[PDB]
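Trainee:
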Amino acid sequence: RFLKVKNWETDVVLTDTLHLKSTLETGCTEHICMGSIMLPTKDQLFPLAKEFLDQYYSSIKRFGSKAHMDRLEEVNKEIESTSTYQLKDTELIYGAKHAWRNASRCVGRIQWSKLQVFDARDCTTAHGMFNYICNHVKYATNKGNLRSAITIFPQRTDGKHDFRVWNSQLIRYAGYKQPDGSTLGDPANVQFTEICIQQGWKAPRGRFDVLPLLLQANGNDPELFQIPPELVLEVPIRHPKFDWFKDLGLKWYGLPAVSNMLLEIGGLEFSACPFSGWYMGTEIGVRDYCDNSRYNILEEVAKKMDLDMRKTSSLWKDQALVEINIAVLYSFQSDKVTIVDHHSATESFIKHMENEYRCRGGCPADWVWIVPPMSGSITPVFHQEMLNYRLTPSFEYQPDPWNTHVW
Amino acid sequence: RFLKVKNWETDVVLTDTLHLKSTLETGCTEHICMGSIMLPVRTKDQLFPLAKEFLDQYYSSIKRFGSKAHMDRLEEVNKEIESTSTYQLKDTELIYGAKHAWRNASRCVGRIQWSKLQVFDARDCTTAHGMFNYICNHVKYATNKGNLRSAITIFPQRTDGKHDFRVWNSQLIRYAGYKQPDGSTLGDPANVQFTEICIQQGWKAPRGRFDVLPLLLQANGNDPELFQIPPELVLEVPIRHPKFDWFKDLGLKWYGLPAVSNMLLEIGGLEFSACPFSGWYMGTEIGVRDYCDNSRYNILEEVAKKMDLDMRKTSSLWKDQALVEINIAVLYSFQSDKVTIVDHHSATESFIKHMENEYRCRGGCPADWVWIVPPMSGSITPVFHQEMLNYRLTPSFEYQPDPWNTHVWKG
Ligand code: HEM
Ligand code: HEM
Ligand SMILES: Cc1cc(N)nc(C[C@@H]2CNC[C@@H]2OCCCCCc2ccccn2)c1
Ligand SMILES: Cc1cc(N)nc(C[C@@H]2CNC[C@@H]2OCCCCCc2ccccn2)c1
Ligand SMILES: C[C@H](O)[C@H](O)[C@H]1CNc2nc(N)[nH]c(=O)c2N1
Ligand SMILES: C[C@H](O)[C@H](O)[C@H]1CNc2nc(N)[nH]c(=O)c2N1
Ligand SMILES: [Zn+2]
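First to last, the protein sequences are chains A and B.
Mapping of the first sequence onto PDB author numbering: residues 299 to 338, 350 to 716, in sequence order.
Mapping of the second sequence onto PDB author numbering: residues 299 to 338, 348 to 718, in sequence order.
Encoded structure:
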């Protein structure tokens, strides 16, 4: 019932008790582990609210105080009467910070308590959503000195009046399938790019076109807005040694801003809750640039490096991979845009895990996502056993809205 | 019930029904996943059903399920269990069992090869000297002058648990490790404890960086005995780099034959506590883990020094750069010396083809993503993007505790 996790590099053993508070299900059973699968009423609401308010009042050292009992009382009355309830500002902020704290797939959580929370619960239209999102983008970007932020739109009611950002991230590059059957831009975004055109966007038809936002307020059909280009900090990618590198014409944006997740706090569901931090270099250099179904540039860089591409065993892909990732880090650093390398991020995460074991009794962590997509075993997380379990408040993945929306 | 897995690079989707035949436990529950945890005397009451399940699988594989031969064998085994409290496997069953334990080994990326396994039946073995001879023969056969052949040698099964056969070595061939008074380690830090046991047992240690360890062999529950593998049988490869001529002067070498000797083979409920098996290396095993783990030979600093990389910030990716060069050197060296090795790109591509084939012909392929994905360049290999289901099938290979923790010394 009390569980041990061992680091095989250091012999450090931590004991996990926090998992015993978990409530939701993993996908795993006693007979099958689904650890590598990407996606494995009034009655229901009150225990959820109580569970949350108990943890909140506990956190401010006021558990079992009159203010605790009174708030439990007030929320209970509000639920029975209105079928839902509203979080106090203090509770919203606590809940959002804890959803990040509990995100078992996030290597960046040492930072969890420094989150700027923008309360957008007074929002009523897509133009309003656009305004709030621009302000978030500008605040978060901070001229390259990135600051973590979340913007929280109104909570779900009957489920027919959802706020949604249709974009999967606030800032991404367009994808277009061309006459010769290939893809221009980001193949990840071809479907979304066409939906944007279908709704009216005028695509400049390039390789790195910042997509428009497609915003859904109150269950209405979504509307298009172009983010002010001056608000989108992009970085040209050069290499500190290879001068030909710039000729590839690659760039990436500074602000990673996930916008398709659902924030659950105390049983309430915030279906539009765009959040942002800063990049770990491998997200761009390994995944965005080198996945075969993404920009898929390994073959081009390797040719420019004059590597023996005839046999897999020359490790040409691996050599190019490293150089591509040196370039990303160098470029962001040169342009003073916050970025973190995978060695640094993972070392922070080990320090974070130790803090969480010490101060909280554990840290839910998904090793499959935490270990970086290159150089796994030379980062300390590779050797670190992790227990994965689901705590609330949480961020949950939700279906792309186009499969859901009726026009 | 049916379970689907998706490859996110190709959108290929597979359907797993094989998991329904699984009975053993994973360590996970609906409330916790233990997928990254390394480690998450039988009665007759237990033995009959396990024997039956196995013989049913065996007889199905040969297209004789329900035959007289099948029924007679069930009866024979049943009688033998109630009469002697155990039973003996037929040769054909032992072979089938060993091949299936490899086929079922969810941590093994090399399983496309599972049906080509040479099984050496050593169940007539009685002494440690006998074990030595069988292991020498295995090493010579498997090595095949660099043209490596997969093999397993199977010693007598467990009886009362007081008479176990065990190879105390974790692999047949490994290098000694020596903790120095100043706290540094000479040779392989992974093997310091075992090296100390060997020395205590009377091994004369050369005390170099790459001393092949003696075998420490326990037969029939007796105290283990030391043997030196004839050096002419131990194929090694000096490591050099195709472009960097200074690489050879690092003084590195490795052995060609990866031969796991500490696992327990379970077949039809019988336990084979000594079952050394061998294949060939994937390059990263040596170049990534053995050479670059901080707790192993830990050569990244020195290699990076000689490469004159910028070592003042981790963000120069000096570690990543040196890592790749070292792995080039390992593959080049083995290839140049005509010793079998496979790079991690080729091995993972083959594993995907194996896995899909297994889904079609068998209804699934249990696979542990945490182990299958290589320890460098993960996402540029196809297995990174492949959803896998992990579950336990028997016959199986299982971890067992090191024998020095459990052994009753006879003195
Ligand atoms: C401050 C810098 C941060 C860094 C360096 C960072 C790092 C990362 C990385 C590398 C991933 C893996 C994503 C992928 O492979 O696509 C990730 C996932 C995630 N992080 Fe962060 N993180 C940061 C901030 C945040 C913030 C501010 C939140 C929310 C407030 C957050 C919540 C998440 C969640 C929910 C996931 C899983 C996403 C999914 O399932 O698609 N992280 N983090
Ligand atoms: C023929 C070439 C083979 C290759 C290239 C190969 C590759 C590998 C690799 C890379 C691992 C992970 C090793 C590690 O990270 O330490 C592994 C694990 C394993 N393989 Fe193989 N394999 C081969 C043959 C075999 C054979 C012949 C058997 C048994 C008959 C076997 C059974 C296993 C088992 C049980 C594990 C898990 C080891 C453990 O838990 O400690 N494999 N394989
Ligand atoms: C099917 C699916 C499920 C899921 N949970 N998430 C995704 C999104 C995929 C998973 N990895 C790549 C892509 O997500 C990219 C967006 C994540 C950026 C995360 C981030 C947030 C903050 C700071 C740095 N990085 C897809
Ligand atoms: C705690 C623990 C559990 C376990 N199941 N296995 C181990 C042994 C570890 C796993 N990785 C490092 C060490 O194993 C080294 C031997 C692996 C050789 C595998 C092999 C066999 C055949 C061909 C190629 N490779 C340790
Ligand atoms: C199938 C497998 O779960 C999938 O490819 C995962 C592996 N690990 C990952 N890890 C991170 N950080 N991000 C990802 O998108 C993935 N993809
Ligand atoms: C803690 C974690 O499970 C552990 O370090 C694992 C990770 N994946 C691995 N994968 C392989 N092939 N071999 C290993 O030893 C490990 N070690
Ligand atoms: Zn699991």
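Just so it is clear, CB atoms sit at the ideal spot from N, CA and C, and this is done for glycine as well.
Using CA coordinates, which residue listed in A/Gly685, A/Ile419, A/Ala636 and A/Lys351 is at the minimum distance from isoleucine 388 of chain A?
Mentor: Selected option, being the one with the closest Cα: A/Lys351.
Trainee: Between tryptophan 711 of chain B and ligand 4, is there a pair consisting of the residue's CB and a ligand heavy atom that are separated by less than 7 Å?
Mentor: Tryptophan 711 of chain B Cβ: outside cutoff for every heavy atom of ligand 4.
Trainee: Just to check my reading of the structure: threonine 591 of chain A and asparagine 634 of chain A have Cβ atoms closer than 8 Å, yes? What is that Cβ distance to the nearest angstrom?
Mentor: With 8 Å as the limit, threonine 591 of chain A and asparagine 634 of chain A qualify as a contact, their Cβ atoms being about 6 Å apart.
Trainee: Can you give me, in chain order, the residues of the stretch 322-335 of chain A that have a beta carbon less than 9 Å from any beta carbon in chain B?
Mentor: So the close ones are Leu322, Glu323, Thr324, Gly325, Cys326, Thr327, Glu328, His329, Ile330, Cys331, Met332, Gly333, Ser334 and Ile335.
Trainee: Under 7 Å, CB to CB, which of the residues in the stretch 675-687 of chain A have a partner in chain B?
Mentor: Cβ contacts with chain B come from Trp676, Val677, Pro682, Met683, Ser684, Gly685, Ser686 and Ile687.
Trainee: So, at 6 Å on beta carbons, what are the nonlocal neighbours of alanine 636 of chain B in its own chain, with the 5 sequence-adjacent residues on each side left out?
Mentor: Excluding sequence neighbours, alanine 636 of chain B sits near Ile546, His548 and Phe554.
Trainee: Quick one: residues in its chain with C-beta nearer than 7 Å to the C-beta of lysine 359 of chain B, no 5 flanking neighbours on either side, listed in chain order?
Mentor: The answer, listed in chain order, is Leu381.
Trainee: Could you pull the start and end residues of the beta strand (DSSP E) that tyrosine 562 of chain B belongs to?
Mentor: Its beta strand (DSSP E) spans residues 560-562.
Trainee: Please state if the CB of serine 392 of chain A and the CB of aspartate 471 of chain A are separated by a distance shorter than 8 Å.
Mentor: For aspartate 471 of chain A and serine 392 of chain A, no; Cβs fall outside 8 Å.
Trainee: Does the stretch 593-609 of chain B come close enough to the stretch 518-526 of chain B that 3 or more CB-CB pairs lie under 8 Å?
Mentor: No, the stretch 518-526 of chain B is not in contact with the stretch 593-609 of chain B.
Trainee: On the three-state DSSP scale, how would you describe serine 367 of chain A?
Mentor: Three-state result, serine 367 of chain A: helix.
Trainee: For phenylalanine 579 of chain B, write down the residues that DSSP places opposite it in a beta bridge.
Mentor: In the DSSP output, where bridge partners are listed per residue, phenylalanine 579 of chain B has B/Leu572.
Trainee: Can you list, in chain order, the residues of its chain with a C-beta nearer than 7 Å to that of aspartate 617 of chain A? Leave out the 5 residues immediately preceding and following it.
Mentor: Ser623 and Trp625, listed in sequence order.
Trainee: Report yes or no: is there a C-beta of chain B within less than 8 Å of the C-beta of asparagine 634 of chain A?
Mentor: Yes, because at least one Cβ of chain B sits closer than 8 Å to the Cβ of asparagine 634 of chain A.
Trainee: From the DSSP secondary-structure annotation, give me the bridge partner or partners of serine 703 of chain A.
Mentor: The partner list for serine 703 of chain A (beta bridge, DSSP) reads A/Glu573.
Trainee: Tell me whether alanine 376 of chain A is buried or exposed, calling it buried when 16 or more other Cβ atoms sit within 10 Å of its Cβ.
Mentor: Exposed, since its Cβ has fewer than 16 Cβ neighbours within 10 Å.
Trainee: Taking Cβ-Cβ distances shorter than 8 Å, what residues in chain A pair up with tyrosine 698 of chain B?
Mentor: Per Cβ cutoff of 8 Å: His329, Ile330 and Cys331.
Trainee: Quick one: what's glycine 494 of chain B bridged to in DSSP?
Mentor: Note: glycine 494 of chain B sits in a beta bridge opposite B/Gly484.
Trainee: Would you say the beta carbon of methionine 332 of chain B is closer than 7 Å to some non-hydrogen atom of ligand 7?
Mentor: Result yes, Cβ under 7 Å from ligand 7.
Trainee: If you reduce the DSSP assignment to three classes, tell me which class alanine 566 of chain B lands in.
Mentor: Correct three-state label for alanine 566 of chain B: strand.
Trainee: For ligand 7, any of its heavy atoms closer than 7 Å to the Cβ of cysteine 326 of chain A?
Mentor: It does: the Cβ of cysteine 326 of chain A is within 7 Å (strictly closer) of some heavy atom of ligand 7.
Trainee: Check the DSSP bridge columns for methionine 589 of chain A and list the partner residues they point to.
Mentor: Bridge partners of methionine 589 of chain A: A/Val649.
Trainee: Is the separation between the beta-carbon of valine 499 of chain B and that of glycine 484 of chain B shorter than 8 Å?
Mentor: In contact: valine 499 of chain B and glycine 484 of chain B (Cβ atoms closer than 8 Å).
Trainee: Whose C-beta lies closer than 8 Å to the C-beta of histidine 651 of chain A among residues of the same chain, with five residues either side of it excluded?
Mentor: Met589, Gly590, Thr591, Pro681, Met683, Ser684 and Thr688.
Trainee: For my contact list, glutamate 705 of chain B and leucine 571 of chain B are in at a C-beta cut-off of 8 Å; report their separation, rounded to the angstrom.
Mentor: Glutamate 705 of chain B to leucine 571 of chain B, Cβ: 5 Å. Contact.
Trainee: So, does the CB of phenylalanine 691 of chain B fall closer than 8 Å to a CB anywhere in chain A?
Mentor: Answer yes: the Cβ-Cβ gap between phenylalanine 691 of chain B and chain A drops below 8 Å somewhere.
Trainee: Within its chain, find whatever has a CB closer than 7 Å to the CB of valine 690 of chain B; leave out the 5 residues flanking it on each side and keep chain order.
Mentor: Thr655, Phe658, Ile659, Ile679 and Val680, listed in sequence order.
Trainee: Which bits of chain A does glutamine 628 of chain B rub up against, with CB to CB less than 9 Å?
Mentor: The contacting residues are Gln628, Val631, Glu632 and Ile635.
Trainee: Whole angstroms are fine: how far does the CA of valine 567 of chain B sit from the CA of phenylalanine 361 of chain B?
Mentor: The alpha-carbon atoms of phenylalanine 361 of chain B and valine 567 of chain B are separated by roughly 24 Å.
Trainee: Rounded to whole angstroms, what's the CA-CA distance from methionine 662 of chain B to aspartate 495 of chain B? Just pull it up for me.
Mentor: Rounded to whole angstroms, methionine 662 of chain B to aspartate 495 of chain B spans 34 Å at the Cα level.
Trainee: Whole angstroms are fine: how far does the CA of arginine 481 of chain B sit from the CA of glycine 594 of chain B?
Mentor: Each residue's alpha carbon lies about 15 Å from the other.
Trainee: So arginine 380 of chain B contacts chain A; which residues on that side make the cut at Cβ distance below 7 Å?
Mentor: What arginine 380 of chain B touches in chain A: nothing, since even the nearest Cβ is about 29 Å away.
Trainee: Using a Cβ cut-off of 9 Å, pull out every chain A residue sitting near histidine 652 of chain B, in sequence order please.
Mentor: Ordered by position in chain A, the residues that pass the 9 Å Cβ test against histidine 652 of chain B are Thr621, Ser622, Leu624, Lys626 and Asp627.
Trainee: Quick one: is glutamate 665 of chain B near chain A, going by C-beta distance under 8 Å?
Mentor: No, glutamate 665 of chain B lies away from the interface with chain A (no Cβ there is under 8 Å from its Cβ).
Trainee: Which residues in chain B have a C-beta closer than 8 Å to the C-beta of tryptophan 306 of chain A? List them in chain order.
Mentor: Neighbours of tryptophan 306 of chain A on chain B, chain order: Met336 and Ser602.
Trainee: For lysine 304 of chain A, name the three-state secondary structure that DSSP assigns.
Mentor: Looking at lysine 304 of chain A - three-state DSSP - the assignment turns out to be strand.
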